[PDB]
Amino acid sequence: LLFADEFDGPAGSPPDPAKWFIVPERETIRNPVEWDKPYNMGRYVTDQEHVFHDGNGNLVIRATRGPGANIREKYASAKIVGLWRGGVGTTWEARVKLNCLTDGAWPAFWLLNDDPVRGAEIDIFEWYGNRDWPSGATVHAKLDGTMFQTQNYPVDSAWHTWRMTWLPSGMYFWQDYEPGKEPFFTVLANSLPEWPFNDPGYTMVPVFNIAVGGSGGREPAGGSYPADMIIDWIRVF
């Protein structure tokens, strides 16, 4: 293995701080439409009521609802960014249970390079609590949203593994991989006019999060909170 977290820490402890950066505040969206204004976007926090080992071998990311005047005040959740960069040829896999498929919630497992001119994003799974957009996987060859391929794919609350293999030829995605299983999504490198993933030394980091509100989650009032993402492990080889 090149990188792994088996999430086997003690109950109530933070994710390993040598492996995970816990994002300390929700992003401020540039030129926001109404759903993306700060008051309509749940907070990200770093405390162990929102991201913590369960002592049973998992990490939990939890979105909560409490008192407040708007979505920002009422809702808090977390986002973790891996402190390890992987490049071409790598196989990324995580075992996850989504107990957070509810109104307003917006869970994802994704890879990121946030370089402002050559960055890119690979969404391995994404589900939208906005009662509108379909769940699925996406390869963004640019961060401005203008050059991507996507595949709708159902996301339910059962335990699954999710795999993305990054090859010179393309990105290949599975749910519950075993030898011989067909990928649910393939994005060939020759299918977009830019492919930063084949630049010399290009690397990406893994991210897990549950966002609340924003364009992807919209109204959380009807949802069931607390809303949990349970992560047994992530492994890269």
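Note that residue numbering follows the sequence shown and begins at 1.
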| note | Mean B factor on CA atoms, stretches 48-56 and 202-210, record says higher is 48-56
| Of 70-78 and 107-115, which one has the bigger average CA B-factor? | 70-78
| request: Please pick out which of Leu83, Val155, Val96, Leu167 has the largest Cα B-factor as recorded in the entry. | output: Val155
| task | Going by the recorded CA B-factors, say which third of the chain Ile231 sits in, lowest, middle or highest. | result | lowest
| field | Cα B factor band for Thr146 (lowest, middle or highest third within the chain) | value | highest
| message | How does the C-alpha B factor of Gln175 compare with the rest of the chain: lowest, middle or highest third? | response | lowest
| request: Taking the chain's C-alpha temperature factors as the reference, tell me which third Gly89 falls into: lowest, middle or highest. | output: lowest
| remark: Entry-reported C-alpha B-factor of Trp133 relative to its chain, by third, is highest
